[PDB]
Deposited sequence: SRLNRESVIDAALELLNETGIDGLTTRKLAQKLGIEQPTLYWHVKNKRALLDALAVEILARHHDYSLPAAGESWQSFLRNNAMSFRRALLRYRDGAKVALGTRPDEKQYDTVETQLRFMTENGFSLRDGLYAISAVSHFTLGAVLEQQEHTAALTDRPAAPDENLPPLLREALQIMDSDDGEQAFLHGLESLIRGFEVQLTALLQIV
């Protein structure tokens, strides 16, 4: 079928959604596209290049809150951004795994620059703004990964529980992870705020 970037990525995303990140091999991608491997190699040199581009396209397709609204507070922006990031990562199987370790793509420069600039405009040093942004990303990535990967293990295989753990597992099995995610997100945001407002005060 068609082998422009867009179609190669479409097909890769589809494949990722079926077989997960393990199953995203160049041989399997070639199979899905209906082509021979040297044909694919002309367009896609290895798994790594594919993963970088998938990371970018996942956000381009489904990350709709990349930018602060007019007059939006930094707290509100971080909140909306994190929820959108989460939604995008959950869209595809192992999407958070795909996103891991990446750096902003040229196509993401203006977006991430605006994010960073906006933090500094709200009183953060570049460093402290970056630390807050990173912590939000890491927390969100960790939550999504444990949610997605837990689900992959339940279909892989299936008491003596002490009571608090028994109940803690009941709490976790009664929700997809969103409740605990949103709770931790508020904690994290308020903590940045305490830090930011403290200035040079011991806090």
No C-alpha coords for deposited residues 159-162
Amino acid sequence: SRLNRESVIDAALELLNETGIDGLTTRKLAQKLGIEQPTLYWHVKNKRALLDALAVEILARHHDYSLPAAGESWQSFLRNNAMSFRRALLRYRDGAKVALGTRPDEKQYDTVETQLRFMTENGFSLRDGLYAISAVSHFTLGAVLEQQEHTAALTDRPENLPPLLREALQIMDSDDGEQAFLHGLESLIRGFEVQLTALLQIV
From here on, numbers count along this sequence of modelled residues.
Is the mean CA B factor in the deposited entry higher across 35-43 or across 146-154?
146-154
Which of 186-194 and 5-13 has higher mean CA B factor, as the PDB entry lists it:
5-13
Taking the entry's C-alpha B-factors for this chain, is residue 166 in the lowest, middle or highest third?
middle
Ranking the modelled residues of this chain by C-alpha B-factor as given in the entry, is residue 79 in the lowest, middle or highest third?
lowest
Sorting the chain's modelled residues by C-alpha B-factor and splitting them into thirds places residue 138 in the lowest
Position of residue 102 among the chain's modelled residues by C-alpha B-factor, lowest, middle or highest third:
highest
